[PDB]
Amino acid sequence: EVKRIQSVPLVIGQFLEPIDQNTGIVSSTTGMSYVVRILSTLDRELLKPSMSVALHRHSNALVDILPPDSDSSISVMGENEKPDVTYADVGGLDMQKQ
Amino acid sequence: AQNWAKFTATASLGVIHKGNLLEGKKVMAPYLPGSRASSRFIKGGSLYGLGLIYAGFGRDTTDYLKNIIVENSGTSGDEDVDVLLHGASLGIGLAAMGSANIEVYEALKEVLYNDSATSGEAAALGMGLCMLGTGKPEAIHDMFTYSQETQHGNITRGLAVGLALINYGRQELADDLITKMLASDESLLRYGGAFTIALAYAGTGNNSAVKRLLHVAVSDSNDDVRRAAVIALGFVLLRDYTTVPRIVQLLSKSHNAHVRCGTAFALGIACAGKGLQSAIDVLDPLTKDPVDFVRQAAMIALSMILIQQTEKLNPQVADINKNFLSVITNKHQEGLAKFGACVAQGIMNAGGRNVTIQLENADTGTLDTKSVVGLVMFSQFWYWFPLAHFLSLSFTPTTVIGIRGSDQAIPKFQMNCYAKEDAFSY
Amino acid sequence: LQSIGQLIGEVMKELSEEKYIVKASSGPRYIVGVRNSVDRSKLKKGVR
Amino acid sequence: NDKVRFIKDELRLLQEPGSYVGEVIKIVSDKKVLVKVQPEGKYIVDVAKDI
Amino acid sequence: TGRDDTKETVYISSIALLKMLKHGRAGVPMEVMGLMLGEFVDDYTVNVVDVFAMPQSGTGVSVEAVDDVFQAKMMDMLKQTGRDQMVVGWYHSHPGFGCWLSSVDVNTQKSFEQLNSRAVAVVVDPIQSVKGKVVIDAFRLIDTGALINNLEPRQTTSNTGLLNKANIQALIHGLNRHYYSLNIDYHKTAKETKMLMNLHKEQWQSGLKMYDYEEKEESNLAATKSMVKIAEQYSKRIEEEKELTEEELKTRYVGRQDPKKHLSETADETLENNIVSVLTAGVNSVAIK
Amino acid sequence: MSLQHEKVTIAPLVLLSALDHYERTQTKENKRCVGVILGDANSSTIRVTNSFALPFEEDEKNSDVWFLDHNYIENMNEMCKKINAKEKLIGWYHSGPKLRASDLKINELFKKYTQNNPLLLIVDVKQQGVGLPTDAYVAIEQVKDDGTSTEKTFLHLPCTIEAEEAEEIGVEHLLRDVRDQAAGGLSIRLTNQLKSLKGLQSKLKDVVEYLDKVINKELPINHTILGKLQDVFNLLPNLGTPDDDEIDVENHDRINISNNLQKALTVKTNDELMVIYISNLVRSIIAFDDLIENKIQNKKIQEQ
Amino acid sequence: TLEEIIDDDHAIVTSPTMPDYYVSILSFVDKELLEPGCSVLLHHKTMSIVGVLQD
């Protein structure tokens, strides 16, 4: 019944800080702070560092969790987007290199 | 009053005139079929209120009613023929209560074959009352088969209950019927099976009956079957009614609200006749249960226990009365909750604080048919809100009157218990 | 009049095939469902 | 029994009216507290019976 | 009157529940729709046998999406196979709302009342159901003229009824206006149930197969070595447990990231597995040979 | 046509309809329901979306006398495509209650319509087995000599299920069961291992009786069939060899690990014990404070 | 924050949340106790100056 209240659509919060194990403080990316109850069959093992989390729009409740990779505008480049400029391409500044 | 509200209203009158046969027929007389009525509800529910007065004297009234039944069991689809045929069937069922007139049984059985969508519930119950407590296999064969074949909701309910009705005091002769019903997959036949154990094994406590009904509540996930199994424990266990709170303590910790709702009726049934201080402690979180129909059962169940008692000799009655009034007034409570409070208040001060619901007579140490049939009927009403006037068969006055037994009139009672005045005349 | 306006967003980054993260052009990040015509290989980060 | 009673009514508890976090600026003597909710204006508002 | 009037208990058979959900889930986020085949018996007992969908010629839930030819053609087909029976309602989907009809869908329901006296409009939630169980509710619309002069209470008595407050306030206004809502029940045949419970057929073969034993040895090594690494933490954890209160412990010293939980669980997993492994292999040698 | 179909996964709904359809047409044995099968194919995964009934009358006096409503099929195909375009004709179901030699006359009628080889789903409608009673057969065409030159025959393919979000939950919703075809937990896998042994004994009888019927009830000697049977015996394990010995060493390793893993669990369980007795320790101080408050309360009772 | 006072028992108050409002001035306040710049206490449902007992 609790896995059926994780319905789409959902809005992203970011967990600010614990203050209980069925209550925490989130910080919405709407721009409002809330003090929300935490759903069960969710571990608090990984709610401890500040991480993205999914919120239910019409009540403000932590209805499921997101992995720390999601919800960034940035990404790790270098897949093929890194320059070709090695140590070899740079000329001197041997002191600065070392 | 309109609809079934009017069907209730013409019937309340027989509560009033219960035990008075003199003006018995007379009071319902204008409202009887073939005379002046504004609506069908009057014509039917007048026969209903007639059967409440005449139960156990009803040989006169049985005969009248038979003519009404064959009339309306050869026509249908007209609203009038149906609403009439329902109240007539209740009438005749009470009137033929315990006589086992075969002619009445056949006539009620045509109502089912006529396939009225309304009347077949009344008529199925009425049948079960007529033949009551013989356990006759032929009767059961008729009632079980037409239950499987029809899919009609009102009709099927009636006949599963009727299979339970006819078995009473059978005990260990109900074992074939009990197993068959609890192994049907329909909810209706499971529901009545629980009550087959209740009525049969009433008046005598058994180890067996208890093992078999705990299995039912747990094993079935349909909410009505869970309820039915709890109620049934009360009836078997009205011999020792001081074991009952101890069992159903457990069954009031239940997540399922139906189970909780049935625990109310069991303590009701056991602890009706004599008050018990243990029982009040169990019924206390049921008034505080946050599911509307659990409050509904609970409030009524408290009133029946503490019936025929003052408020100045029991601290609870004062608080519970005060509460009933709180529930009625609030428009912040649902209608289920309002039903529980009003109806319980009326059971408590009933009769002028001079009638009790007896749990069984101790004078001979046997069970009394009128009381039992009254309560099991009472416990059914979420499926039909009109039916809760059947408690008039189970309100018995208990009172000391001296009789000069050599001319059978009433001279004023003089007790060895001493008088004291209450000192008011202003 | 039998048409509606549709809030434009962009796929911020894939979570799963049923659930995508779309950041909308009004502020808040949402976690959204799919139409099943929308091609799953056409849904990736940058696309509007 | 605590586990199954708890999950079942927890759904009605997740029909939350919401919350906000402010901070006590100063009190007043009508039993009211001036709070500033963080990206909003201040509210002069009464305490419950919980504090 | 012609009848006392009360709202139908819907005994929705297995095939119809399952079918409306398939069609409507596929149709997210569009409105989806189609007609209900059934039979009306008793004072409230509607058995819905099957459903069939109505091809979209509109946006869905329109009278541009209900085609006369289509309706005619489907009926004409159902006679050959005996599935022809009378229309007992119509289904639709809101996947953006709970069970609560919108203004357009009331207008669709107003046209169905002309067609059939007891037609229901059934709102199927394909994703938005708020309980473990599927939330579906059936509505019927009767005139404002009976409801206002206070005949609505009479109609709702002599039945258990259903109250929902899924959209809270919005629902109540709508509920009121339309009519009522009543418990929905499910008709199961024991043929139907048995097919559904079995889902595999090479289950008998599979229970006496196993994997290569190279990756089994690998799981056993990985399990033992990993439990050393959380066993190191586990000793450190019980240095603490010096702070009063269960909650304070979890917040302050991060008692939730528990080493205890991850050891017990990983020991359990490798353990249960090695019971089965020995069981399967030891059966295989002596049974087969 | 393609013979590339290695699995068939069938939705719960397809099974449930075809089965449901058998009593909706009110047919009994030796009268057939057949219906159109709609879904995806041309792929390894066959995904069976939906089905609808056809009228079907079988006369078995001559297996060349048959009823099929032709026009019905074309009409219905076009309407379904407007709800959802992924529905194509991928075959037809036969209602059982067994296979015949006769299903091949009928199959030809369905090759006509299709661009895959029609799937012949023999749905057994009394429902025998602790598995699914649904067989899948696709007609495969290959040159083969067993008294024929070119054979059309039907090759079995596995039947399993796959379901949507909605459809799975709707199954679960009907069921009051926790499943036991899952092979999830310890409990579930125990049940399964015993079902597997019972599955194996029953098939072996069917093989044992088939062979008694050639040699004593005189069916013909079928070299090709036996040939296959022979290899069963050839690829048997043989013990009292180092192979048997490698198993013994294997047993030792796994049971050692079970003991070492279990010893971990002996700490876990024991550790917790101490923690409860801590909770009992705290509850007596709390109960003392209560006992003091309740001492005072009793004086009020006397007073009043 | 009282933005300007309009002489008719109405005022333009600036909630710091940004919509400005043509409010009415009710009881428990005086209009020479309000000066531009003064803080005002506003009725939530229909905005009105209900006072300022503030320090």
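Quick note: numbers on chain E are straight from Swiss-Prot, i.e. 18-306, in order.
According to its header, the structure was obtained by electron microscopy, 4.1 Å.
Cβ coordinates are placed from backbone N, Cα and C, and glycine is handled just like the others.
According to Swiss-Prot, the feature domain 'MPN' maps to E:27-162. Counting residue by residue with DSSP, the domain 'MPN' (E:27-162) contains 39 helix, 38 strand, 59 coil.
A simple way to gauge crowding: the CB of E:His109 (Zn(2+) binding site) has 23 other CB atoms within 10 angstroms, across all the protein chains here. Positions annotated as Zn(2+) binding site by Swiss-Prot: E:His109, E:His111, E:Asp122.
Long-range contacts of the motif 'JAMM motif' (E:109-122) within the same chain: residues 41, 44-50, 77-79, 138-145, 147, 152-154, 156, 181, 183-184, 187-188, 191-192, 195, each at least 6 residues beyond the stretch ends and with a Cβ under 8 Å from a Cβ of the stretch. Sequence annotations record features per position, and here Swiss-Prot assigns motif 'JAMM motif' to E:109-122.
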Additional residues surrounding Zn(2+), by Cβ distance to the E:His109, E:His111, E:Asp122 centre under 8 Å:
E:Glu48, E:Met50, E:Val78, E:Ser110, E:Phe114, E:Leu118, E:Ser119, E:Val121, E:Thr125, E:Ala138, E:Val140
Which chain-mates of E:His111 (Zn(2+) binding site) that are at least 6 residues away have a CB under 8 A from its CB, listed by sequence?
E:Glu48, E:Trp117, E:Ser119, E:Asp122, E:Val140, E:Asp142, E:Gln145
I'd like the number of other C-beta atoms within 10 A of the C-beta of E:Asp122 (Zn(2+) binding site), please.
20
